[PDB]
>>> print(open('start-v2.cif').read())   # mmCIF, C-alpha atoms and all ligand atoms; chains and numbers go by the auth columns
data_input
#
loop_
_atom_site.group_PDB
_atom_site.id
_atom_site.type_symbol
_atom_site.label_atom_id
_atom_site.label_comp_id
_atom_site.label_asym_id
_atom_site.label_seq_id
_atom_site.Cartn_x
_atom_site.Cartn_y
_atom_site.Cartn_z
_atom_site.B_iso_or_equiv
_atom_site.auth_seq_id
_atom_site.auth_asym_id
ATOM 1 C CA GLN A 1 84.092 123.431 115.033 0.00 17 A
ATOM 2 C CA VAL A 2 84.450 119.819 116.331 0.00 18 A
ATOM 3 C CA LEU A 3 87.723 118.248 115.190 0.00 19 A
ATOM 4 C CA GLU A 4 87.824 114.512 114.562 0.00 20 A
ATOM 5 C CA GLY A 5 90.396 111.838 113.972 0.00 21 A
ATOM 6 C CA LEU A 6 90.658 109.645 110.898 0.00 22 A
ATOM 7 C CA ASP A 7 88.567 106.807 112.424 0.00 23 A
ATOM 8 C CA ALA A 8 85.485 108.999 111.794 0.00 24 A
ATOM 9 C CA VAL A 9 86.098 109.046 108.078 0.00 25 A
ATOM 10 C CA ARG A 10 86.786 105.286 107.978 0.00 26 A
ATOM 11 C CA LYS A 11 83.503 104.562 109.794 0.00 27 A
ATOM 12 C CA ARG A 12 81.341 106.796 107.552 0.00 28 A
ATOM 13 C CA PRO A 13 83.276 107.150 104.286 0.00 29 A
ATOM 14 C CA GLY A 14 80.094 108.039 102.261 0.00 30 A
ATOM 15 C CA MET A 15 79.693 111.250 104.315 0.00 31 A
ATOM 16 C CA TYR A 16 83.062 112.483 102.973 0.00 32 A
ATOM 17 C CA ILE A 17 83.404 110.972 99.476 0.00 33 A
ATOM 18 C CA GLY A 18 79.809 110.168 98.610 0.00 34 A
ATOM 19 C CA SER A 19 80.193 106.398 98.092 0.00 35 A
ATOM 20 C CA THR A 20 82.678 103.486 98.261 0.00 36 A
ATOM 21 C CA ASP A 21 82.359 102.390 94.608 0.00 37 A
ATOM 22 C CA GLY A 22 84.423 103.789 91.691 0.00 38 A
ATOM 23 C CA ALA A 23 82.855 107.259 92.101 0.00 39 A
ATOM 24 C CA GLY A 24 84.176 107.375 95.669 0.00 40 A
ATOM 25 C CA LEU A 25 87.538 105.902 94.673 0.00 41 A
ATOM 26 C CA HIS A 26 87.963 108.660 92.090 0.00 42 A
ATOM 27 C CA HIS A 27 86.874 111.376 94.557 0.00 43 A
ATOM 28 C CA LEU A 28 90.179 110.640 96.353 0.00 44 A
ATOM 29 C CA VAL A 29 91.969 111.659 93.154 0.00 45 A
ATOM 30 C CA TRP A 30 89.865 114.807 92.800 0.00 46 A
ATOM 31 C CA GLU A 31 90.688 115.941 96.375 0.00 47 A
ATOM 32 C CA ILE A 32 94.450 115.707 95.872 0.00 48 A
ATOM 33 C CA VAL A 33 94.397 117.073 92.349 0.00 49 A
ATOM 34 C CA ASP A 34 92.193 119.973 93.546 0.00 50 A
ATOM 35 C CA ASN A 35 94.788 120.908 96.217 0.00 51 A
ATOM 36 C CA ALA A 36 97.498 121.019 93.448 0.00 52 A
ATOM 37 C CA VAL A 37 95.172 123.082 91.211 0.00 53 A
ATOM 38 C CA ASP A 38 94.404 125.599 94.055 0.00 54 A
ATOM 39 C CA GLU A 39 98.122 126.096 94.550 0.00 55 A
ATOM 40 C CA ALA A 40 98.608 126.715 90.771 0.00 56 A
ATOM 41 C CA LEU A 41 95.563 129.004 90.747 0.00 57 A
ATOM 42 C CA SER A 42 97.345 131.077 93.447 0.00 58 A
ATOM 43 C CA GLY A 43 100.243 131.357 90.907 0.00 59 A
ATOM 44 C CA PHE A 44 102.575 128.652 92.229 0.00 60 A
ATOM 45 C CA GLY A 45 103.529 125.950 89.693 0.00 61 A
ATOM 46 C CA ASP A 46 102.930 125.524 85.958 0.00 62 A
ATOM 47 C CA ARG A 47 102.569 121.745 85.832 0.00 63 A
ATOM 48 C CA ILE A 48 100.667 119.100 87.689 0.00 64 A
ATOM 49 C CA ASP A 49 101.650 115.508 86.964 0.00 65 A
ATOM 50 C CA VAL A 50 99.410 112.588 87.807 0.00 66 A
ATOM 51 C CA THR A 51 100.690 108.965 87.578 0.00 67 A
ATOM 52 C CA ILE A 52 98.722 105.705 87.972 0.00 68 A
ATOM 53 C CA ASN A 53 101.446 103.436 89.360 0.00 69 A
ATOM 54 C CA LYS A 54 101.834 99.714 88.538 0.00 70 A
ATOM 55 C CA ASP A 55 101.157 98.761 92.147 0.00 71 A
ATOM 56 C CA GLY A 56 97.716 100.435 92.096 0.00 72 A
ATOM 57 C CA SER A 57 98.794 103.601 93.889 0.00 73 A
ATOM 58 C CA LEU A 58 98.322 107.049 92.443 0.00 74 A
ATOM 59 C CA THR A 59 100.771 109.990 92.560 0.00 75 A
ATOM 60 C CA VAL A 60 100.047 113.696 92.130 0.00 76 A
ATOM 61 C CA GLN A 61 102.996 116.079 91.859 0.00 77 A
ATOM 62 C CA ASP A 62 102.930 119.829 91.886 0.00 78 A
ATOM 63 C CA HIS A 63 105.661 122.504 91.585 0.00 79 A
ATOM 64 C CA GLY A 64 104.010 124.975 93.985 0.00 80 A
ATOM 65 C CA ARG A 65 105.613 126.412 97.115 0.00 81 A
ATOM 66 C CA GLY A 66 105.660 123.059 99.049 0.00 82 A
ATOM 67 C CA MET A 67 103.482 122.437 102.086 0.00 83 A
ATOM 68 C CA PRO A 68 104.948 124.143 105.133 0.00 84 A
ATOM 69 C CA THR A 69 107.677 122.028 106.665 0.00 85 A
ATOM 70 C CA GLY A 70 107.580 123.414 110.208 0.00 86 A
ATOM 71 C CA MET A 71 105.926 122.382 113.414 0.00 87 A
ATOM 72 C CA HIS A 72 102.551 122.847 115.058 0.00 88 A
ATOM 73 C CA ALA A 73 102.170 122.122 118.803 0.00 89 A
ATOM 74 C CA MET A 74 104.110 119.438 120.670 0.00 90 A
ATOM 75 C CA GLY A 75 106.692 118.871 117.926 0.00 91 A
ATOM 76 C CA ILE A 76 104.055 117.629 115.474 0.00 92 A
ATOM 77 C CA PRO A 77 104.768 118.714 111.872 0.00 93 A
ATOM 78 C CA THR A 78 102.166 121.021 110.270 0.00 94 A
ATOM 79 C CA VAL A 79 101.974 118.494 107.442 0.00 95 A
ATOM 80 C CA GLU A 80 101.075 115.697 109.915 0.00 96 A
ATOM 81 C CA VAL A 81 98.317 117.909 111.301 0.00 97 A
ATOM 82 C CA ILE A 82 96.950 118.551 107.757 0.00 98 A
ATOM 83 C CA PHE A 83 96.923 114.812 107.027 0.00 99 A
ATOM 84 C CA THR A 84 95.587 113.514 110.333 0.00 100 A
ATOM 85 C CA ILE A 85 92.961 115.933 111.706 0.00 101 A
ATOM 86 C CA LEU A 86 89.560 116.215 110.080 0.00 102 A
ATOM 87 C CA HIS A 87 88.128 119.744 110.245 0.00 103 A
ATOM 88 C CA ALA A 88 84.645 118.209 109.594 0.00 104 A
ATOM 89 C CA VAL A 89 89.561 118.594 104.488 0.00 122 A
ATOM 90 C CA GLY A 90 90.821 116.677 101.382 0.00 123 A
ATOM 91 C CA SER A 91 94.258 115.482 102.525 0.00 124 A
ATOM 92 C CA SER A 92 93.089 113.903 105.818 0.00 125 A
ATOM 93 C CA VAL A 93 90.091 112.200 104.112 0.00 126 A
ATOM 94 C CA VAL A 94 92.352 110.570 101.487 0.00 127 A
ATOM 95 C CA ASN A 95 94.863 109.571 104.178 0.00 128 A
ATOM 96 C CA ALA A 96 92.045 107.959 106.234 0.00 129 A
ATOM 97 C CA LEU A 97 90.855 105.896 103.270 0.00 130 A
ATOM 98 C CA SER A 98 94.379 104.794 102.172 0.00 131 A
ATOM 99 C CA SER A 99 96.319 101.676 103.302 0.00 132 A
ATOM 100 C CA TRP A 100 99.347 103.905 102.817 0.00 133 A
ATOM 101 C CA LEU A 101 100.197 107.473 101.894 0.00 134 A
ATOM 102 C CA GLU A 102 103.454 109.392 101.323 0.00 135 A
ATOM 103 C CA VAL A 103 103.875 113.109 101.106 0.00 136 A
ATOM 104 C CA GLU A 104 107.150 114.547 99.780 0.00 137 A
ATOM 105 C CA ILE A 105 107.850 118.277 100.109 0.00 138 A
ATOM 106 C CA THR A 106 110.682 120.084 98.339 0.00 139 A
ATOM 107 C CA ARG A 107 111.735 123.583 99.373 0.00 140 A
ATOM 108 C CA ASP A 108 114.527 125.725 100.776 0.00 141 A
ATOM 109 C CA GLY A 109 117.206 123.325 99.405 0.00 142 A
ATOM 110 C CA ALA A 110 115.693 120.295 101.181 0.00 143 A
ATOM 111 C CA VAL A 111 113.448 117.335 100.380 0.00 144 A
ATOM 112 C CA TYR A 112 111.300 116.037 103.233 0.00 145 A
ATOM 113 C CA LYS A 113 109.023 112.995 103.446 0.00 146 A
ATOM 114 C CA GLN A 114 106.328 111.627 105.744 0.00 147 A
ATOM 115 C CA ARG A 115 104.737 108.201 105.425 0.00 148 A
ATOM 116 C CA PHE A 116 101.407 107.035 106.845 0.00 149 A
ATOM 117 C CA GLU A 117 99.938 103.537 106.877 0.00 150 A
ATOM 118 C CA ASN A 118 96.711 101.704 107.736 0.00 151 A
ATOM 119 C CA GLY A 119 94.298 104.583 107.416 0.00 152 A
ATOM 120 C CA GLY A 120 96.619 107.448 108.175 0.00 153 A
ATOM 121 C CA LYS A 121 98.734 106.452 111.158 0.00 154 A
ATOM 122 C CA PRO A 122 102.160 108.128 110.797 0.00 155 A
ATOM 123 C CA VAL A 123 104.984 105.544 110.624 0.00 156 A
ATOM 124 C CA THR A 124 107.566 108.297 110.270 0.00 157 A
ATOM 125 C CA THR A 125 107.775 111.965 111.216 0.00 158 A
ATOM 126 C CA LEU A 126 108.411 114.619 108.530 0.00 159 A
ATOM 127 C CA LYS A 127 112.012 113.671 107.799 0.00 160 A
ATOM 128 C CA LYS A 128 114.618 115.330 105.615 0.00 161 A
ATOM 129 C CA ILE A 129 115.539 112.655 103.008 0.00 162 A
ATOM 130 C CA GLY A 130 117.655 114.778 100.609 0.00 163 A
ATOM 131 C CA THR A 131 118.606 118.067 99.042 0.00 164 A
ATOM 132 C CA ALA A 132 117.628 119.987 95.900 0.00 165 A
ATOM 133 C CA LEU A 133 118.563 123.244 94.281 0.00 166 A
ATOM 134 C CA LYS A 134 117.144 126.220 96.237 0.00 167 A
ATOM 135 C CA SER A 135 115.022 127.029 93.134 0.00 168 A
ATOM 136 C CA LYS A 136 113.180 123.708 93.431 0.00 169 A
ATOM 137 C CA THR A 137 109.801 123.678 95.157 0.00 170 A
ATOM 138 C CA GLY A 138 106.685 121.570 95.333 0.00 171 A
ATOM 139 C CA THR A 139 104.497 118.881 96.898 0.00 172 A
ATOM 140 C CA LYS A 140 104.161 115.206 95.876 0.00 173 A
ATOM 141 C CA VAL A 141 101.439 112.939 97.297 0.00 174 A
ATOM 142 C CA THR A 142 101.169 109.217 96.628 0.00 175 A
ATOM 143 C CA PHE A 143 98.422 107.019 98.061 0.00 176 A
ATOM 144 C CA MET A 144 97.157 103.479 97.895 0.00 177 A
ATOM 145 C CA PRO A 145 93.371 103.360 98.304 0.00 178 A
ATOM 146 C CA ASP A 146 92.242 100.952 101.059 0.00 179 A
ATOM 147 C CA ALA A 147 90.954 97.709 99.398 0.00 180 A
ATOM 148 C CA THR A 148 89.156 96.906 102.686 0.00 181 A
ATOM 149 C CA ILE A 149 86.907 99.975 102.099 0.00 182 A
ATOM 150 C CA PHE A 150 86.413 100.350 98.354 0.00 183 A
ATOM 151 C CA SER A 151 84.543 97.808 96.192 0.00 184 A
ATOM 152 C CA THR A 152 86.920 98.704 93.372 0.00 185 A
ATOM 153 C CA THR A 153 90.506 99.948 93.646 0.00 186 A
ATOM 154 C CA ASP A 154 91.168 100.217 89.872 0.00 187 A
ATOM 155 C CA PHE A 155 91.686 103.786 88.774 0.00 188 A
ATOM 156 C CA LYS A 156 90.167 104.468 85.365 0.00 189 A
ATOM 157 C CA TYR A 157 92.521 106.311 82.974 0.00 190 A
ATOM 158 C CA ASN A 158 89.674 107.720 80.844 0.00 191 A
ATOM 159 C CA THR A 159 87.844 109.083 83.911 0.00 192 A
ATOM 160 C CA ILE A 160 90.957 110.787 85.245 0.00 193 A
ATOM 161 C CA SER A 161 91.944 112.073 81.751 0.00 194 A
ATOM 162 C CA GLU A 162 88.569 113.805 81.285 0.00 195 A
ATOM 163 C CA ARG A 163 88.687 115.426 84.742 0.00 196 A
ATOM 164 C CA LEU A 164 92.283 116.679 84.267 0.00 197 A
ATOM 165 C CA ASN A 165 91.389 118.027 80.772 0.00 198 A
ATOM 166 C CA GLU A 166 88.512 120.009 82.358 0.00 199 A
ATOM 167 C CA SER A 167 90.782 121.211 85.193 0.00 200 A
ATOM 168 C CA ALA A 168 93.404 122.357 82.674 0.00 201 A
ATOM 169 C CA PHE A 169 90.723 124.253 80.738 0.00 202 A
ATOM 170 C CA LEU A 170 89.427 126.037 83.875 0.00 203 A
ATOM 171 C CA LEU A 171 92.964 126.862 85.235 0.00 204 A
ATOM 172 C CA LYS A 172 94.691 128.075 82.050 0.00 205 A
ATOM 173 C CA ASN A 173 98.460 128.211 81.385 0.00 206 A
ATOM 174 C CA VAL A 174 99.143 125.100 83.461 0.00 207 A
ATOM 175 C CA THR A 175 100.049 121.694 82.071 0.00 208 A
ATOM 176 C CA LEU A 176 98.139 118.747 83.549 0.00 209 A
ATOM 177 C CA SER A 177 99.554 115.272 82.717 0.00 210 A
ATOM 178 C CA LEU A 178 98.386 111.731 83.170 0.00 211 A
ATOM 179 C CA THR A 179 100.696 108.684 82.837 0.00 212 A
ATOM 180 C CA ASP A 180 99.413 105.118 83.315 0.00 213 A
ATOM 181 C CA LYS A 181 102.322 102.828 84.280 0.00 214 A
ATOM 182 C CA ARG A 182 99.935 99.803 83.921 0.00 215 A
ATOM 183 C CA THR A 183 99.386 100.342 80.230 0.00 216 A
ATOM 184 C CA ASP A 184 102.118 102.999 79.374 0.00 217 A
ATOM 185 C CA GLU A 185 99.340 105.360 78.156 0.00 218 A
ATOM 186 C CA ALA A 186 100.062 109.078 78.543 0.00 219 A
ATOM 187 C CA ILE A 187 98.506 112.426 77.730 0.00 220 A
ATOM 188 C CA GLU A 188 99.092 116.152 78.499 0.00 221 A
ATOM 189 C CA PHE A 189 96.617 119.062 78.552 0.00 222 A
ATOM 190 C CA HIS A 190 97.467 122.791 78.445 0.00 223 A
ATOM 191 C CA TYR A 191 95.173 125.684 77.512 0.00 224 A
ATOM 192 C CA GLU A 192 96.942 128.988 76.750 0.00 225 A
ATOM 193 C CA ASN A 193 94.803 132.143 77.255 0.00 226 A
HETATM 194 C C1 LIG B . 100.717 117.349 95.082 0.00 1 B
HETATM 195 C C2 LIG B . 99.454 117.072 95.445 0.00 1 B
HETATM 196 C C3 LIG B . 98.591 118.055 96.157 0.00 1 B
HETATM 197 N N1 LIG B . 99.133 119.442 96.172 0.00 1 B
HETATM 198 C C4 LIG B . 99.126 120.191 97.293 0.00 1 B
HETATM 199 O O1 LIG B . 98.544 119.836 98.298 0.00 1 B
HETATM 200 N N2 LIG B . 99.861 121.368 97.201 0.00 1 B
HETATM 201 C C5 LIG B . 99.904 122.237 98.278 0.00 1 B
HETATM 202 N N3 LIG B . 100.694 123.265 98.240 0.00 1 B
HETATM 203 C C6 LIG B . 100.599 124.024 99.388 0.00 1 B
HETATM 204 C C7 LIG B . 101.307 125.178 99.669 0.00 1 B
HETATM 205 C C8 LIG B . 101.035 125.755 100.900 0.00 1 B
HETATM 206 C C9 LIG B . 101.734 126.982 101.278 0.00 1 B
HETATM 207 C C10 LIG B . 101.024 128.103 101.676 0.00 1 B
HETATM 208 C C11 LIG B . 101.716 129.240 102.061 0.00 1 B
HETATM 209 C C12 LIG B . 103.095 129.241 102.018 0.00 1 B
HETATM 210 N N4 LIG B . 103.826 128.187 101.605 0.00 1 B
HETATM 211 C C13 LIG B . 103.104 127.103 101.254 0.00 1 B
HETATM 212 C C14 LIG B . 100.094 125.159 101.748 0.00 1 B
HETATM 213 O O2 LIG B . 99.854 125.768 102.989 0.00 1 B
HETATM 214 C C15 LIG B . 98.814 125.158 103.756 0.00 1 B
HETATM 215 C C16 LIG B . 97.849 126.289 104.082 0.00 1 B
HETATM 216 N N5 LIG B . 98.417 127.148 105.122 0.00 1 B
HETATM 217 C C17 LIG B . 99.352 128.121 104.566 0.00 1 B
HETATM 218 C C18 LIG B . 100.044 128.823 105.718 0.00 1 B
HETATM 219 O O3 LIG B . 99.038 129.571 106.427 0.00 1 B
HETATM 220 C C19 LIG B . 98.007 128.684 106.890 0.00 1 B
HETATM 221 C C20 LIG B . 97.364 127.960 105.717 0.00 1 B
HETATM 222 N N6 LIG B . 99.391 124.050 101.511 0.00 1 B
HETATM 223 C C21 LIG B . 99.692 123.516 100.308 0.00 1 B
HETATM 224 S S1 LIG B . 98.945 122.078 99.727 0.00 1 B
#
>>> encode(input="start-v2.cif", output="structure tokens")
Amino acid sequence: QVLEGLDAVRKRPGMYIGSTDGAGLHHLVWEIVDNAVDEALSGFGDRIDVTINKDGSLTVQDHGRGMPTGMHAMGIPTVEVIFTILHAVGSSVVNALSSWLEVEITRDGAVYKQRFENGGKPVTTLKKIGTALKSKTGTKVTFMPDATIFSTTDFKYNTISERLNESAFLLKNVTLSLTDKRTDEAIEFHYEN
């Protein structure tokens, strides 16, 4: 297994996301959403909220266990490792192809955040920013796709709606939501089984 840095993704984005048009753009969404869905499939979290922000960024929020908040080697957070080493893999690929990315993790009474910029260079460490009830857990990821890479950076509400509907149907007993802050449009999907 040859590990790579995020430069590799940025130099050959098609190898990771298929293309740099709208299909590629929306693959970034699918990677992040899929990580939230896997966590719910494992039984952690009953809602996954997706927001298309006014600034063009996109947020996915789950209520799963929260990415681990500890360290890997050399004082590097586990989360930073997940987001910055390519095991070529979703999180690091989206980070690489984003002009900025923020991950917020809530667990154990604490809220932590790390911010990356300019294709996934950390501009902070994983820092405690606040507190929450001990019962509160989850992961939140927000990213701004890199307009220097994609031919289009406009997320399409209908495209995302359809994919989240399908994901809700396959998962069962989990609410998937989409809110578009550009247009105020909103929808929820939930299939009981
Ligand atoms: C919100 C947008 C995308 N949503 C997400 O990405 N949600 C995620 N939720 C988790 C939860 C865990 C997790 C797992 C176990 C215990 N506590 C938390 C996790 O661990 C990383 C894999 N590790 C686990 C430790 O052993 C090596 C493998 N990753 C994610 S990623």
>>> residues_near_ligand(input="start-v2.cif", ligand="ligand LIG 1 (chain B)", cutoff="9 Å", atoms="only C-alpha atoms and all ligand atoms", output="number ranges by chain")
A: 47-56, 60, 64-66, 75-85, 94-95, 98, 123-124, 136-138, 171-175
>>> closest_residue(input="start-v2.cif", among="A:132, A:170, A:212, A:191", to="residue 68 in chain A", atoms="all atoms listed in the file")
A:212
>>> residues_around(input="start-v2.cif", residues="residue 43 in chain A", least_positions_apart="4", cutoff="12 Å", atoms="all atoms listed in the file", output="list in words")
residues 29, 30, 32, 33, 34, 35, 36, 37, 38, 39, 47, 48, 49, 50, 123, 124, 126, 127, 130, 178, 183, 188, 189, 192, 193 and 196 of chain A
>>> atom_distance(input="start-v2.cif", atom1="CA of residue 73 in chain A", atom2="CA of residue 185 in chain A")
12.9 Å
>>> resolve_selection(input="start-v2.cif", expression="the PyMOL selection byres (((chain A and resi 161-168) around 9) and not hetatm)", output="number ranges by chain")
A: 139-146, 159-160, 169-170
>>> resolve_selection(input="start-v2.cif", expression="the PyMOL selection byres (((chain A and resi 211) around 7) and not hetatm)", output="PyMOL selection string")
chain A and resi 65-67+194+210+212-213+219-221
>>> closest_residue(input="start-v2.cif", among="A:158, A:208, A:151, A:200", to="residue 26 in chain A", atoms="all atoms listed in the file")
A:151
>>> residues_near_point(input="start-v2.cif", point="(93.5, 107.4, 95.5)", cutoff="7 Å", atoms="all atoms listed in the file", output="PDB file with C-alpha atoms, in the frame of the given file")
ATOM      1  CA  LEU A  41      87.538 105.902  94.673  1.00  0.00           C
ATOM      2  CA  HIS A  42      87.963 108.660  92.090  1.00  0.00           C
ATOM      3  CA  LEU A  44      90.179 110.640  96.353  1.00  0.00           C
ATOM      4  CA  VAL A  45      91.969 111.659  93.154  1.00  0.00           C
ATOM      5  CA  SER A  73      98.794 103.601  93.889  1.00  0.00           C
ATOM      6  CA  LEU A  74      98.322 107.049  92.443  1.00  0.00           C
ATOM      7  CA  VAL A 127      92.352 110.570 101.487  1.00  0.00           C
ATOM      8  CA  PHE A 176      98.422 107.019  98.061  1.00  0.00           C
ATOM      9  CA  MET A 177      97.157 103.479  97.895  1.00  0.00           C
ATOM     10  CA  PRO A 178      93.371 103.360  98.304  1.00  0.00           C
TER      11      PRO A 178
END
>>> closest_residue(input="start-v2.cif", among="A:27, A:96, A:215, A:182", to="residue 149 in chain A", atoms="only C-alpha atoms")
A:96
>>> closest_residue(input="start-v2.cif", among="A:214, A:103, A:223, A:205", to="residue 21 in chain A", atoms="only C-alpha atoms")
A:103
>>> atom_distance(input="start-v2.cif", atom1="CA of residue 101 in chain A", atom2="CA of residue 25 in chain A")
10.4 Å
>>> atom_distance(input="start-v2.cif", atom1="CA of residue 155 in chain A", atom2="CA of residue 91 in chain A")
13.7 Å
>>> closest_residue(input="start-v2.cif", among="A:148, A:154, A:88, A:70", to="residue 129 in chain A", atoms="only C-alpha atoms")
A:154
>>> closest_residue(input="start-v2.cif", among="A:217, A:150, A:222, A:181", to="residue 202 in chain A", atoms="all atoms listed in the file")
A:222
>>> residues_around(input="start-v2.cif", residues="residue 206 in chain A", least_positions_apart="6", cutoff="9 Å", atoms="only C-alpha atoms", output="PyMOL selection string")
chain A and resi 62-63+223-226
>>> build_atoms(input="start-v2.cif", residues="range 199-213 of chain A", atoms="N, CA, C and O atoms", output="CSV table (one decimal), in the frame of the given file")
chain,number,residue,atom,x,y,z
A,199,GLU,N,89.4,119.0,81.9
A,199,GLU,CA,88.5,120.0,82.4
A,199,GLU,C,89.2,120.9,83.3
A,199,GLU,O,89.1,122.2,83.2
A,200,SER,N,90.0,120.4,84.2
A,200,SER,CA,90.8,121.2,85.2
A,200,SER,C,91.8,122.1,84.5
A,200,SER,O,91.9,123.3,84.9
A,201,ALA,N,92.5,121.5,83.5
A,201,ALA,CA,93.4,122.4,82.7
A,201,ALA,C,92.7,123.5,82.0
A,201,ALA,O,93.2,124.7,81.9
A,202,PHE,N,91.5,123.3,81.4
A,202,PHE,CA,90.7,124.3,80.7
A,202,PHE,C,90.3,125.4,81.7
A,202,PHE,O,90.3,126.5,81.3
A,203,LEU,N,89.9,125.0,82.9
A,203,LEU,CA,89.4,126.0,83.9
A,203,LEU,C,90.6,126.8,84.4
A,203,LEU,O,90.5,128.0,84.7
A,204,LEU,N,91.8,126.2,84.6
A,204,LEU,CA,93.0,126.9,85.2
A,204,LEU,C,93.7,127.8,84.3
A,204,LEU,O,94.0,129.0,84.6
A,205,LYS,N,93.9,127.4,83.1
A,205,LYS,CA,94.7,128.1,82.0
A,205,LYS,C,96.2,128.1,82.4
A,205,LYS,O,96.6,128.2,83.5
A,206,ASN,N,97.0,128.0,81.3
A,206,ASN,CA,98.5,128.2,81.4
A,206,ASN,C,99.2,127.3,82.4
A,206,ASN,O,100.2,127.6,82.9
A,207,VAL,N,98.6,126.1,82.6
A,207,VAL,CA,99.1,125.1,83.5
A,207,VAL,C,99.0,123.8,82.7
A,207,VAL,O,97.9,123.4,82.3
A,208,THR,N,100.1,123.0,82.6
A,208,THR,CA,100.0,121.7,82.1
A,208,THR,C,99.6,120.7,83.1
A,208,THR,O,100.1,120.6,84.2
A,209,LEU,N,98.6,119.9,82.7
A,209,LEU,CA,98.1,118.7,83.5
A,209,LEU,C,98.5,117.5,82.8
A,209,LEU,O,98.2,117.4,81.6
A,210,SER,N,99.1,116.5,83.4
A,210,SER,CA,99.6,115.3,82.7
A,210,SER,C,99.0,114.1,83.4
A,210,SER,O,98.8,114.1,84.7
A,211,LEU,N,98.8,113.0,82.7
A,211,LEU,CA,98.4,111.7,83.2
A,211,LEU,C,99.3,110.7,82.5
A,211,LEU,O,99.4,110.7,81.3
A,212,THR,N,99.9,109.8,83.3
A,212,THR,CA,100.7,108.7,82.8
A,212,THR,C,100.2,107.4,83.5
A,212,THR,O,100.0,107.4,84.8
A,213,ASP,N,99.9,106.4,82.8
A,213,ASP,CA,99.4,105.1,83.3
A,213,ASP,C,100.5,104.1,83.2
A,213,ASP,O,100.8,103.6,82.1
